[PDB]
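# Results of the structural survey
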Amino acid sequence: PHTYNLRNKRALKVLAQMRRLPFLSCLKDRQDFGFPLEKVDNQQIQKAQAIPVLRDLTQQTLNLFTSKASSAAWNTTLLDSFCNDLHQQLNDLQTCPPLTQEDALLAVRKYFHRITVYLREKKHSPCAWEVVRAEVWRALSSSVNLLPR
């Protein structure tokens, strides 16, 4: 609960630094992605079941930002930092309305698929990448709501 928070702080700091475009540059590309955990309380999914969901979320985020398209869209030093942070998060997690755990996992999958399809359909424009970066930032910030303190 504690270490996930700390390294997620660092991940969010770097992901905010990765922004290249001024705010409000990409209005015509904005897109509701329907992140499935935006309103998911800790009463809904407990510690035993939140950890797999967080693990899959971290894994899919790492996969997204370690693609070749990502290497072409973002500063390489910041990418190194962000990807390393996500991977450390993954190692920590592996060391150990959506309702159940399986529903959460499947919904997270479809959400990252919507992100992939959006980027393809937008031909990886800088604005599409910025829309995705801000979306992932909000998802990562929301996700900490599934851990107790």
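Residues numbered from 1 in each chain as written, not as in the entry; some residues may be left out. Heavy atoms only, no water.

- Per the deposited record, the coordinates in this entry were obtained by X-ray crystallography to a resolution of 2.1020 Å.

## Considerations on the packing of aromatic side chains
- Per the counting criterion, the structure on display carries six aromatic pairs.
- Ring centres 5.1 Å apart and planes at 85 degrees place the aromatic pair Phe33 and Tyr118 in the edge-to-face group.
- Measuring from centroid to centroid gives 5.3 Å for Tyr111 and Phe112, while their planes differ by 80 degrees, and the two rings are edge-to-face.
- Under the relative-accessibility criterion, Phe112 is labelled buried at 6%.
- A cation sits over an aromatic face here: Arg19 above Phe23, 4.0 Å from the ring centre. (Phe/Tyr/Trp six-rings, centres within 6.5 Å; stacked < 30°, edge-to-face > 60°. Buried < 20%, exposed > 50% of the residue type's maximum accessible area, 1.4 Å probe, protein only. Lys NZ or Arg CZ within 6 Å of the ring centre and 35° of its normal.)

## Things to note about the state of the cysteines
- Tallied over the full model, the rule gives one disulfide.
- Covalent S-S linkage joins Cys26 and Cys127, the inter-sulfur distance amounting to 2.0 Å. Here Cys26 and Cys127 share a disulfide; its torsion about the S-S bond, -75 degrees, makes the bridge left-handed.
- Given the relative accessible area of 6%, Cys26 is considered buried. (Disulfide = S-S within 2.5 Å.)

## Quick word on the pattern of salt bridges
- Applying the stated criterion across every chain, the model contains seven salt bridges.
- Between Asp92 and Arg7 there is a salt bridge whose closest N-O contact spans 2.7 Å. In this pair, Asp92 is assigned in helix α4 (residues 76–95) and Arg7 in helix α1 (residues 2–17), connecting sequence segments 85 residues apart.
- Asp92 gets classed as partly exposed once you look at its relative accessible area, which sits at 28%.
- Take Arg7: its relative accessible area is 18%, and that puts it in the buried class.
- Of the charged contacts in the structure, one is a salt bridge between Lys28 and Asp29, with a shortest N-O distance of 2.9 Å.
- On the basis of relative accessible area, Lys28 is assigned to the exposed category, the value being 66%.
- Beyond isolated ion pairs, a larger network of salt bridges with shared partners links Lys28, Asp29 and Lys122. (Salt bridge = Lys/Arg side-chain N within 4 Å of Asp/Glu carboxyl O. Helix = DSSP H or I, 4+ residues; strand = E, 2+ residues; numbered from the N terminus.)

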